[PDB]
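Here we start with a single chain on its own, the form deposited without ligand 2AN, put down as structure tokens.
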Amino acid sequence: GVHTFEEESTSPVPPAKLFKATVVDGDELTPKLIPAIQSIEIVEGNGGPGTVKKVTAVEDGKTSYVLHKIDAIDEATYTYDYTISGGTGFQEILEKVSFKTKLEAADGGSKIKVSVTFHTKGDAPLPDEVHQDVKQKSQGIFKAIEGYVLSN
């Protein structure tokens, strides 16, 4: 089943700075800023479309990981689309979760568009617990990096 959510938001950070921090340096910054995220390792690819990243996370001294795959990346349009699937840390009811993110310039800051598609096994609805856990983790990382760039 396909369950789609959108968020439109704003940042005082201009797009090039926000994209640099969230996408180009996101692998390096995230584990430094977020205690729960242990590491982000490129296991396949160059950093272009098809790159797979192993994202390792800790809860209550128990480690799990998920795989992060680049669907689209374009610095010029501030486009980053990626898919989360697989690994020990992935909710059993999910086939995959596909993110489409785009920034644009807005009065010296950014407009942010995120579209999230949860793909469930069979025709399962999306449990609110799974929706919330993925949203909180992905927004946590984004907001930590955004706050960091503002303080730099």
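Note that residue numbering begins at 1 and tracks the sequence as displayed.
Only in words, not in the display: the form solved in complex with ligand 2AN, which the text now covers.
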Counting only non-hydrogen atoms and a 4.5 Å threshold, tell me whether 43, 57 and 66 all contact ligand 2AN in the bound PDB entry.
yes
- Item | is_contact(residue 141, ligand 2AN) in the bound PDB entry, heavy atom dist at most 4.5 Å | yes
Is residue 34 close enough to ligand 2AN in the bound PDB entry to count, meaning some heavy atom within 4.5 Å? yes
Partner proximity in the bound PDB entry: residue 109 to ligand 2AN, non-hydrogen atom cutoff 4.5 Å: no
query = Do residue 131 and ligand 2AN come within 4.5 Å of each other in the bound PDB entry, heavy atoms counted?
reply = yes
